[PDB]
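> Have a look at this fold, sequence not included:
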């Protein structure tokens, strides 16, 4: 058996916990020895050893009453007594996909699924992500950015650059948040200024982005050095608007593949690979696009740890390619093994 | 008293250990309670509690025989029984300035000196660093970059782009190393190809850089949101060459301020601040420039944790401004406190 540890929760949990239930029930307990570590909202790490049956309800998860050892000892050793072959972060904290847990994993020399430090961190900062996309030549909506320090001195002058380079309406976006906290849509300077002031309560760096009305199209990418991209998918919505949040009850309504011309789909698959390379991803990414009704394409953002329930977009895009959810989980673990092995080979060849 | 922890060593140590001796002997043991954690080449963490006298020889450091508790307990609590007010990483491992230890620090919610995760990681990847410098408008030598995957398919085609955009000689540079391992200077394709092949043994991503002969000029930057830059300094060298390494015995020979026109110095101070902002630095950075004999300026790289002995360039640049080495250490701790406090204020205002 191989030795796996799923880390879930994070310093709101209900998605992460549902995800960890799905990932657990889709792992062959015959091929894998599975421990899990739950991170409480407090930040405390609680381990639960040796999952061996299906998790039918969240009650079966020890959660905050798990075994409360130091984080060092929790990750060094499987309950089986072997070191882990892969650790799978399914976190919904900021420490989830800002590169921080990945940094911990590297310091502890623990092999792990998904994106590395620089990749996760730069996909979480919206300014760095766009700067990397730009250098790579991917099309994006016209955009501006600045630090609070610059706006305190150049308010009047920054607003002019907005009206020259962009067309209203624009969106004010905090650079470093994982949440819709502080985003607003502004139809003029008056609203823009109010919006900028309003976002600086939550962040020190802002992106101003030209608005579009467009379809949201997502592509799943999987791999390390030779990644592959799925056919695109769509969350079907008769009306494009920024909701600020999923309000409709029940399952989300996916269309996979998306109802797009076959040429446009191929363009999006190739753009997804470019977006993966532009932030030097590992393991996986979801590329999220804006596609207007006249088939104009912009890349919106990448997502370094995308939604990963059994009905989420990222796994359902791979199902459409023939890759089962249990096969996808196993592939992510093998990629984690390979990236990890490739680093001692380099750390060795450095002598 | 405030509570400080110096982390030094790292998974070669002699500079880091000399540095930790200097930083220790320059801290007022009356104002600060000082513990230190030593990271062995093995990666093991060993704590030594409550430094209270001058460290006259490295023998007085417990080093690898320090107290061998789990890393979690080592950082959570000062020997005094209080949580730390600041942790000061003085590491010479890759885990030093690739953002990994900083990620650990954030996961453990430990306040810490210097650059954050994204800042350290992006200053260590030479491709991302140049891409950020470019977007900011700082002048750099003409350069190319590619992944191993791209060169395996486009060898012939990538070499042409080199000869069109650059002028020989060029330097082949691994993107992700902190070491001179795999750098070479090439006067033609024949050498370039050999050089590219030679660097791929140690890295998966490369930068090809146009060579210059120039003076090396360094500027020290200190601050968080309102940073300040020193007058520039110079390691004086009658002959510009890439040494691959300091060979001369004894002290390095600094000229502070550098023998440059007063206008050129002011330009470099302002470029240093731009370079700090371009990678969203915190705490400090050293901006390293190429300045030709005809006063043409290029930024070479930033250094997120620069040399920090008492005779290193970064502290000596601040001494020239009137800031003593003990005052600089204290300023770095206050900045660590401020960045840390500013994050709960935001994490609070996010509700």
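Right, received. Where do you want to start? Numbers count the residues shown, from 1 in each chain, chains lettered A, B, ... in the order given.
> Could you use CA atoms for every contact and neighbour count after this?
Noted.
> Quick check: buried residues in stretch A:118-136?
Burial within stretch A:118-136, assessed by neighbour count using 16 or more other CA atoms under 10 Å in any protein chain shown, is assigned to A:118-133.
> Which residue does the stretch 251-351 of chain A have closest to chain B?
Here the residue of the stretch 251-351 of chain A nearest chain B is residue A:346; by CA to the nearest CA that distance is 5.5 Å.
> what's near enough to touch that residue?
When the contact criterion is CA atoms under 8 Å, 6 or more residues apart in numbering or on different chains, the partners of residue A:346 are B:201-203.
> please redo it, this time with the cut-off set to 7 Å
Residues in contact with residue A:346, defined by CA atoms under 7 Å, 6 or more residues apart in numbering or on different chains, are residue B:202.
> Am I right that it is in a strand?
No - per DSSP: H, G, I helix; E, B strand; the rest coil, residue A:346 lies outside any strand segment and is helix.
> Could I get the contacting residues of residue A:236?
Residue A:236 sits in contact with A:253-255, where contact means CA under 7 Å, 6+ apart.
> what about 6 Å?
For residue A:236, no contacting residues are found, by CA atoms under 6 Å, 6 or more residues apart in numbering or on different chains.
> so how far is residue B:200 from it?
Spatial separation of residue A:236 from residue B:200 under the definition CA to CA, to the nearest Å is 45 Å.
> and if you look at residue A:241?
For residue A:241, the distance to residue B:200 (CA to CA) stands at 47 Å.
> Those two - which one has more neighbours?
Set side by side, residue A:241 and residue B:200 give different neighbour counts by other CA atoms under 10 Å in any protein chain shown, the larger being at residue B:200 (17 against 11).
> I'd guessed residue A:206 sits against residue A:144; true?
No - at 8.3 Å, residue A:206 does not count as touching residue A:144 under the criterion of CA atoms under 6 Å.
> of the two, who's got more company?
Each of residue A:206 and residue A:144 had its neighbours counted (other CA under 10 Å), and the higher figure belongs to residue A:206 (24 against 18).
> elements contacting the one helix or strand that one maps to?
Residue A:206 belongs to strand A:205-210 when elements are defined using DSSP states H and E. When contacts are defined as 3 or more CA pairs under 6 Å, 6 or more residues apart in numbering or on different chains; DSSP states H and E, strand A:205-210 sits against strand A:143-147, strand A:170-174.
> So for chain B, which of those strands sits nearest?
Proximity to chain B, assessed across the helices and strands packed on strand A:205-210 by CA to the nearest CA, is greatest for strand A:143-147 (8.7 Å).
> just the angle between the closest one and strand A:205-210, please?
With axes from the mean of the first three to the mean of the last three CA atoms, to 10 degrees defining the directions, strand A:143-147 sits at 160 degrees from strand A:205-210.
> what angle do strand A:143-147 and strand A:170-174 make?
Taking the same axes, to 10 degrees, strand A:143-147 and strand A:170-174 form an angle of 40 degrees between their directions.
> contacting residues around the residue in the stretch 101-250 of chain A that chain B sits nearest to?
Nearest to chain B, among the residues of the stretch 101-250 of chain A, is residue A:103, at 3.8 Å (CA to the nearest CA). By CA under 6 Å, 6+ apart, the contact set of residue A:103 is A:117, B:100, B:103-104.
> switch to 8 Å and redo it
With contacts defined as CA under 8 Å, 6+ apart, the neighbours of residue A:103 are A:116-117, B:99-104.
> neighbours of residue A:9, just the number please.
By other CA under 10 Å, neighbour count at residue A:9 equals 28.
> Would you mind measuring from it to residue A:146?
In this view, residue A:9 and residue A:146 are 33 Å apart by CA to CA.
> circling back to that earlier point, from the contacts of residue A:103, which is closest to residue B:299?
residue B:99 (22.0 Å; CA to CA).
> Next, count neighbours for that closest one.
The burial count assigned to residue B:99 is 32, neighbours taken as other CA under 10 Å.
> Grab the nearest non-local neighbour of it.
Excluding the flanking residues, the one nearest residue B:99 by CA to CA, 6 or more residues apart in numbering or on different chains is residue B:117, at 4.3 Å.
> from memory the one you found sits against residue B:105, does it?
No - the pair residue B:117 and residue B:105 fails to qualify as a contact (CA atoms under 8 Å) at a distance of 9.5 Å.
> quick one, which of these two is more surrounded?
Looking at residue B:117 and residue B:105 with other CA under 10 Å, you find the greater number of neighbours at residue B:117, namely 27 against 22.
> domain parsing for chain A?
The record's domain split for chain A, according to automatic domain parsing, is A:2-112, A:142-210, A:215-341.
> So for residue B:183, which of these sits nearest?
Residue B:183 lies closest, by CA to CA, to one member of those: domain A:215-341, at 21.0 Å.
> mind listing the strands for the stretch 151-300 of chain A?
Counting by DSSP state E, counting those that start in this stretch, the stretch 151-300 of chain A has these strands, from start to end: A:170-174, A:184-186, A:205-210, A:215-223, A:228-229, A:233-235, A:254-255, A:283-291, A:297-303.
> how close does residue A:333 get to residue A:4?
As it turns out, when the distance is counted by CA to CA, residue A:333 lies 8 Å from residue A:4.
> Report the contact partners of residue A:230.
Applying CA under 8 Å, 6+ apart as the definition, the contact partners of residue A:230 turn out to be A:219-221, A:269, A:317-318, A:321.
> again, only this time at 6 Å
A:219-220 are the contacts of residue A:230 under CA under 6 Å, 6+ apart.
> next one: residue A:36
Listed by CA under 6 Å, 6+ apart, the contact partners of residue A:36 are A:5-7, A:47-48.
> any idea which element the nearest residue to residue A:310 once chain neighbours are set aside lies in?
Counting by CA to CA, 6+ apart, the nearest residue to residue A:310 once its immediate chain neighbours are dropped is residue A:22, at 6.2 Å. Applying DSSP H and E as the criterion places residue A:22 in helix A:14-25.
> So which bits of that helix are buried?
Buried residues in helix A:14-25, defined by neighbour count with 16+ other CA under 10 Å: A:15-25.
> Equivalent analysis for stretch A:56-76, please.
If you call a residue buried by 16+ other CA under 10 Å, then stretch A:56-76 has these buried ones: A:61-64, A:66-67, A:70-71, A:74-75.
> Show me which pair in those residues is furthest apart.
Longest distance between any two of those is 19.6 Å, between A:61 and A:70; criterion CA to CA.
> So for residue A:309, what's the nearest residue that isn't a sequence neighbour?
Counting by CA to CA, 6+ apart, residue A:309 lies nearest to residue A:19, which is 4.8 Å off, once chain neighbours are set aside.
> picking that back up, figure out the helix or strand that the residue of the stretch 101-250 of chain A closest to chain B lives in.
Using DSSP H and E, the element containing residue A:103 is helix A:100-107.
> Beyond that helix, next helix or strand please.
Counting by DSSP H and E, the element after helix A:100-107 in chain order, helix or strand, is helix A:117-124.
> Nearest to residue B:288 among the domains of chain A would be which one?
Between residue B:288 and these, the shortest separation by CA to CA is 23.3 Å, and it involves domain A:142-210.
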